[PDB]
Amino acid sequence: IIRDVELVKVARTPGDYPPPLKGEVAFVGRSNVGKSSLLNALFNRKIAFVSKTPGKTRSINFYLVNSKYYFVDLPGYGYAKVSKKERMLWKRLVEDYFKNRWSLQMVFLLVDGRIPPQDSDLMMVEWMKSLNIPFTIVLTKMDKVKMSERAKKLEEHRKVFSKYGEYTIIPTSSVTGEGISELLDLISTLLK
């Protein structure tokens, strides 16, 4: 049960992270995948910025939850015409985070449920595997998947992500609430 959510750190440079406390989980995915919307659904409040147009990579944001854990919002990758400077910033921040944040318990990798897994997502998977970073796949935007196509598409994500490694796969919709409570429970378990 999430009681309190506070934005406490906007990290713009490597290593500018708050004290580890009791642990944390992180969220990442392609820009526009629905990360801010998912965070808001999890927090049960509008706090992360939602938009049809993806924001530039600028920071890693730390949300202090119940005064003892963090939900960490990593910047989205790909999509926009990411300039050299922006991708370098992206790489610089996320790599620093992965390599140095020992208290990270789990990364939730958000991917669009509506289409099959894509190359940049698979690259993300390979990278975290190489860094020994645990991760769980979260499918987003499930409310837009035709009921008659849900089975095929879910199997496709399962098949693809099984050729690799993973913690589990949770379909979600920030619109209907599908999977939100299941994701919350898994997080509570990982943290406690």
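Note that residue numbering begins at 1 and tracks the sequence as displayed.
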Looking at the deposited entry, does 50 to 58 or 134 to 142 carry the larger mean Cα B-factor? 50 to 58
For the higher mean C-alpha B factor in the entry, choose 98 to 106 or 74 to 82. 74 to 82
Using the temperature factors in the entry, find which of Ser148, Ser37, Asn32, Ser67 has the highest value at its Cα atom. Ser148
Candidate residues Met128, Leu42, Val28, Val160, the one whose C-alpha B factor the record puts highest: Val160
Determine, from the deposited record, the chain-internal third of the Cα B-factor for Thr13: lowest, middle or highest. highest
Using the temperature factors of the C-alpha atoms in this entry, rank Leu89 within its chain: lowest, middle or highest third. highest
Which third, lowest, middle or highest, does the CA B-factor of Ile187 fall in along this chain? middle
Classify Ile170 as lowest, middle or highest third according to the C-alpha B-factor given in the PDB entry, relative to its own chain. lowest
Pull the Cα B-factor of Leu7 out of the PDB entry and bin it into the chain's lowest, middle or highest third. lowest
